[PDB]
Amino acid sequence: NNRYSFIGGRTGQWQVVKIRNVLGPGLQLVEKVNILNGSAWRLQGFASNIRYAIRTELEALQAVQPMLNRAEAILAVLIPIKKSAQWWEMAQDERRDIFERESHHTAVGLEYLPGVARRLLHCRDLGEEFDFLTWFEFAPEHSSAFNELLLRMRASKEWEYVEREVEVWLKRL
């Protein structure tokens, strides 16, 4: 099943370390997040096909990207993202050009592998209040680098179209 739910509340596999309400309405602070394949809030999204990456990029990613659930990867960050109406109205070439040619999303992110594992979920098509649920996990040694990655991405042209962003920092129980 390709659907995942993230329930903020009193139970779950992850302890909430902090929530940073970066842009737009935040998410209520809670004790834990419960993740279900299939309390104060619920987010959901689905795993899907590639929308932007080209073969040579997938090959580079596959050579270095780590798996989820490494024993060492006791920290995670859930980052729900919404992009603007102007973004979604653009054509596929226009969006690819912003994503990679101008913002270097994949090339920059590759600089943080193999430290950081990731998962991308989609939810605009479900009618959710965010467009994406992005998930990252890593060992503590990579926290500083991950915080640097976030600031680099927020400086990019792609991020001019981000209208809501929340960081939910987690620790594996």
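Each residue number is its position in the shown sequence, starting from 1.
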Handout entry: Interresidue gap class [residue 38, residue 39; deposited sequence, unmodelled]
Key = 4 to 9
Exercise for the section: Using the B-factors recorded in the PDB entry, average over the C-alpha atoms of 119-127 and of 139-147, then report which stretch comes out higher. Expected result: 139-147
Practice task
Read off the CA B-factors in the entry, average them over 98-106 and over 76-84, and name the higher stretch.
Solution key: 98-106
Completion exercise
Chain-relative C-alpha B factor for residue 63 (record values, thirds): the highest
Fill in the blank from the handout: The third of the chain into which the C-alpha temperature factor of residue 166 falls is the middle
Handout entry: Third of the chain's Cα B-factor distribution that residue 134 belongs to, per the entry
Key = lowest
Handout entry: Within-chain third of residue 48 by Cα B-factor, per the entry
Key = lowest
